Amino acid sequence: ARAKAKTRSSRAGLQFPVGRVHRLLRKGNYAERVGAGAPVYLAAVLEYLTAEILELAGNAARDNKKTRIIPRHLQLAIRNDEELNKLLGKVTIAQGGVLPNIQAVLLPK
Amino acid sequence: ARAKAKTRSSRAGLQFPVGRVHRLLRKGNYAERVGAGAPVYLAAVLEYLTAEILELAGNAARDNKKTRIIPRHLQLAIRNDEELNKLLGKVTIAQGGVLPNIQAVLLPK
Amino acid sequence: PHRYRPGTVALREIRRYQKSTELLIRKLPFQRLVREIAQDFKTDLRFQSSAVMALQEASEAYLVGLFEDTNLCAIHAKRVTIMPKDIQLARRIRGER
Amino acid sequence: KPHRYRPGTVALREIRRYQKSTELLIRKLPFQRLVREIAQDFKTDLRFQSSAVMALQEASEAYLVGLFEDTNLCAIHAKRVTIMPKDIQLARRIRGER
Amino acid sequence: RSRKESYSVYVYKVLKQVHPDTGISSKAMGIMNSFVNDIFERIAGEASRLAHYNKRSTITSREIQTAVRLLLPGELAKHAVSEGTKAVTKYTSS
Amino acid sequence: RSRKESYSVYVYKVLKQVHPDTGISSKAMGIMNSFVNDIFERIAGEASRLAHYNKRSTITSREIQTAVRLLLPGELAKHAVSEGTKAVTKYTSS
Amino acid sequence: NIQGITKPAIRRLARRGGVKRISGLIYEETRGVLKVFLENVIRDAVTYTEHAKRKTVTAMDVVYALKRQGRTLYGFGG
Amino acid sequence: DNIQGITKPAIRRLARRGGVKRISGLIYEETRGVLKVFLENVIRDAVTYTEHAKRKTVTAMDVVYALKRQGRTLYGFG
DNA sequence: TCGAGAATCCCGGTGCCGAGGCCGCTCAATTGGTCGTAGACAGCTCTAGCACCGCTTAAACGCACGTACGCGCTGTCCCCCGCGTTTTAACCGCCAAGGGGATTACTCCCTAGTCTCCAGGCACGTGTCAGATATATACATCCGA
DNA sequence: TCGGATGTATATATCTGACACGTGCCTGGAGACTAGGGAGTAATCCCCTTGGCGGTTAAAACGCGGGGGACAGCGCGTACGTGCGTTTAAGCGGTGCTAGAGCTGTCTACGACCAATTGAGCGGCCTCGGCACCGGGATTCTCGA
């Protein structure tokens, strides 16, 4: 008799998939062999970054009285943080726009 | 009776090594398998670029009454060209210096 | 007559256009320009619909960034108008020339 | 009466002198002390190879020379011949380091 | 007809934990997919280069940790390292 | 004691063909070694990415040629392509 | 066809950039810069298209060409 | 207080190689801060490489890799 | 437009240390077979890209006026450059100790490769509610008297 | 300071299509097993990094004088902003055709792997000439009367 199956994500306590990450690592020509904890580590890091971005974007969307999230909200969340703007400083987000900014010398007297 | 050995470089009519390039491609985790003509092509390109740079550097060395080539000559050859300067635009050469250049506004009347 | 002073409507337009997210160039002329430029590298070429959209988005973002740098150069020169020399200085420092 | 050159002459003479040579222009021992002082904040009881400090000094000199080359262009654009902290700040902002 | 795969399921599952009453549009979902793929490629490439430098033939959690320390800035790196260590410890404990 | 390898012999052979009476110093030879290694790595990476995009598992002279075209500017690319094609033809002749 | 990029469009782009007064000679310079940028991207896109032995240029090709020059774009696959 | 070992004459020599004719008196303090930031950024990565390799000595290869990671390739040291 | 002074250039001679060639030798590249899969070619199906025609209207174009901003010219003062004198520490040569980088054996635990079996995730269809759009205020901001 | 005029934020009503969710199915991930080598640890050797001491002298620091460049102020004129009336072409909708992308099935040549065999490229010596330095004189650039 074979025991009931149990996904690796469930025993790692995660929501991102470990098996798919393992497969992508193996078929990506990154090394000859892949260890057993590397997919778990990579999945946890990816999940944490996704959670941070989503929290900021949801706050931005709720600020302007909306229920859904759009690229404008994502861009505002990314550009108003200091570390995320450093991590994604060479990235263009389609349908995102720009931040409001006018130089002080141009305003009327 | 095993016939006399003959290097692949000799069959290709080249001076750069082909077998070593083949081994380096095989052990660099670039793909699963490597074809037969790729090392020959790559070695030909490398030899061409080396010959170009060396010809210019030797002209620079002879321009200032020297027999040997030095990093200053390499820098002069690279910077005075247009295409090599574009190919090597983000590179620092040790003991090379700079090109002589003074803005016209700073010269005396 | 109710003429506004010079510079009021310009600031109003700045405020209006830094709040929206739509494209600002006409799609048919941009498509024609893309095809005309492409025809020099290969003949009888076909384009997917989303490729032109990607090209337009990248072009608009690049131009907006360049104008942002040009404005800082012009202010550094104690001015409020932008000139071709400002664009040239910005590009030279950015390393495109 | 003693002999004196006008302001600006010896400056151009030095520009020509240093744009032709290739030697280093900072003192080895003070630079080494500065590197070892900076390194302590990340790990204790570190050792350095002889060539590592040379590589660091080469990179630093090249970086500063490029920065001054851009600052001069800013200063000339402002209709001046004297460089300033605001010129350095503008050059860095456009390059994207700030 | 071949079928494609994405991270939409997992992104939705994560979003429902931080904001139980919010939705998302298709454009935003595509942007999030691009973000995940790009960060994956960056980290994997850095780990591969480390393994090549140290004459090793295996990619391990030590390599992933060093790549994260090299790529992420400031407090993001600290929190990511903590999350990864906790996940690996929990996985081993079972 | 381990022994290492470099491109000094081939660089010297190339130099003696274009300038039969000029020597070279050790610092300049090191600079040439760095140049050759850098160009090799660039081209190999570009070919690997191309082969991955087209869902293949082999690296060929076509991939090398396309990588050269993408990496080198202007007349350099044309001359390099001609040199590579001539070398491959001569090698396949025997 | 470069004349199809109009003065009002360039003015809108400048307003989103945040400028207040525009000189009369800006427009020709802008057109030249745009042309150079487009040529540089499209050349690599067509090289990718030719390698796969196709007659159609795709968004994947455009995204790869943008990424090769340090201008990564999100929102069109990848 | 080792940042004072970088002196005013040395900064002037660097400027002269850069092509500067006149210098104001507040440049030196700014140049010192710029250099400190650059050195911190490179040395942190070099130490990270050393710590992964499990050594107690910084080598030239660590510095070269750290510089290359920041888009500052250097020739002539390995 | 010319003389005096300071700086840079040219040249002959000495001396030394680094480039360049030679020898042993060992390890990596060459040759000869065998085998299994990756890729090349043909045939077929159907998506989607291109071309056309009418119309409605929002944007582009062109002209006229005037105001405010760019740019030249003057004058003042203070700060930075050039030079002489005193002080400090960088640099070179040589001794001495030992911390740690590098290499060689030995052994074992971890990862790759197979095979069977099942549930997670994808394609597809369906209904309703969040958001877009029109109209009517109500209110804030600018401008000249 | 204030009234007149214009632009913008806010509220309410009504439609519509995209998102959120079931449902069937199929292929890719998990459970169980075997085998072989990558790496972890202990021991030893010798190199290269760090610390000290003294002498010479070149660079750094300090003070003084003066000239020229930065900066504020005023005036003149023309180039760009704003608004109105006429013209042009983009956007939308709907028809219709076929070029080419995408998938599937056969088959064969080429790249991987393994076992002998030998010569090319690396490490270790020597040795002579290209270049570094010194001293002397010649020519050039700058500055003031």
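Protein chains in written order, with the entry's author numbering: chain C, 10 to 118; chain G, 10 to 118; chain E, 38 to 134; chain A, 37 to 134; chain D, 31 to 124; chain H, 31 to 124; chain F, 25 to 102; chain B, 24 to 101. Where is the CB? At the ideal position from N, CA and C, for every residue including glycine.
Per DSSP, the unbroken alpha helix (DSSP H) holding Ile73/D starts and ends at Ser56 to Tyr83.
With its beta carbon less than 8 angstroms from one in chain B, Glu50/A belongs to the interface. Counting the other CB atoms within 10 Å of its CB gives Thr80/A a total below 16, which places it among the exposed residues. Classified as exposed, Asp77/A has fewer than 16 neighbouring CB atoms from the shown chains inside 10 Å of its CB. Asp106, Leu109, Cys110, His113 and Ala114: these are the residues of the region 100-114 of chain A whose beta carbon lies less than 9 angstroms from some beta carbon of chain E, given in chain order. When C-beta atoms of the region 63-75 of chain E are compared with those of the region 36-54 of chain F, fewer than three pairs fall below 8 angstroms, so the two segments do not count as touching. Ranking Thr16/G, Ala21/G, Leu55/G and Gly22/G by CA distance to the CA of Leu106/H puts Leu55/G first. Scanning chain D for C-beta atoms nearer than 8 angstroms to the C-beta of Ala69/B yields nothing, as the closest lies near 11 angstroms away. Neighbourhood of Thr115/H in chain F, by CB distance below 9 angstroms: empty, with the nearest CB roughly 16 angstroms away.
DSSP places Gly102/A in the helix class (H, G or I) of the three-state scheme. For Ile94/H, the enclosing alpha helix (DSSP H) starts and ends at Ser91 to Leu101. Contact check for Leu90/B against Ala95/A passes: the beta carbons are separated by less than 8 angstroms. The CB of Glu97/E comes closer than 9 angstroms to the CB of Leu37 and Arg40 in chain F, given here in chain order. Assignment of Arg95/B by DSSP, reduced to helix, strand and coil, places it in the coil class. DSSP, reduced to helix, strand and coil, places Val27/G outside both helices and strands of the structure shown, so it counts as coil. Between the beta-carbon of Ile89/H and that of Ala40/G there is about 4 angstroms, and that keeps the pair under the 8 angstroms contact cut. Contact annotation for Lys31/F against chain C: no contact, minimum CB-CB distance about 21 angstroms [criterion: below 9 angstroms].
Within the same chain, Cβ atoms closer than 6 angstroms to the Cβ of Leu93/C are found at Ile87, the five residues on either side in sequence being excluded. Residues of the region 70-89 of chain H that bring their beta carbon within less than 9 angstroms of a beta carbon in chain G comprise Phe70, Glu71, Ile73, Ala74, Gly75, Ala77, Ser78, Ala81, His82, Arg86, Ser87, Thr88 and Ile89, in sequence order.
In summary, the residues of the region 35-53 of chain H whose CB is separated from some CB of chain G by less than 7 angstroms are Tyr40, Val41, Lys43, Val44, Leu45, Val48, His49, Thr52 and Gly53, in the order they occur in the chain.
For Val57/B, the enclosing alpha helix (DSSP H) has its first and last residue at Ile50 to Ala76.
Contact annotation for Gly99/F against chain D: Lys57, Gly60, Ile61 and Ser64 [CB-CB distance below 7 angstroms, chain order]. A straight-line Cα-Cα distance of about 22 angstroms links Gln55/A and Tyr41/A. Secondary structure of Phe84/A (DSSP, three-state): strand. When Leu108/C, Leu58/C, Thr76/C and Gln24/C are compared, the shortest CA-CA separation from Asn89/C is found for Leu108/C.
Put simply, the CB of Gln104/G is near chain H, with a gap under 8 angstroms to one of its CB atoms. Judged by DSSP secondary structure, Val100/C falls within the beta strand (DSSP E) whose first and last residues are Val100 to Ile102. Around the beta carbon of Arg31/H, fewer than 16 other beta carbons lie within 10 angstroms, which makes this residue exposed. The three-state reading of DSSP puts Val43/C in strand, counting E and B together.
Per the coordinates, the alpha-carbon of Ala98/A lies some 37 angstroms from the alpha-carbon of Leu23/G. Counting along the chain, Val48/D sits inside the alpha helix (DSSP H) bounded by residues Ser38 to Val48. Around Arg35/G, the same chain offers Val43 as residues with beta carbons nearer than 8 angstroms, after the five sequence neighbours per side are excluded.
Contacts with chain H at 8 angstroms (Cβ-Cβ) do not include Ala83/F.
Between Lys120/H and chain G, the shortest Cβ-Cβ separation is below 8 angstroms. Contacts between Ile111/C and chain E, judged by CB atoms closer than 7 angstroms, involve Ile51 in chain order. Taking 8 angstroms as the cut-off, the beta carbon of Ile74/E is found closer than this to the beta carbon of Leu62/F.
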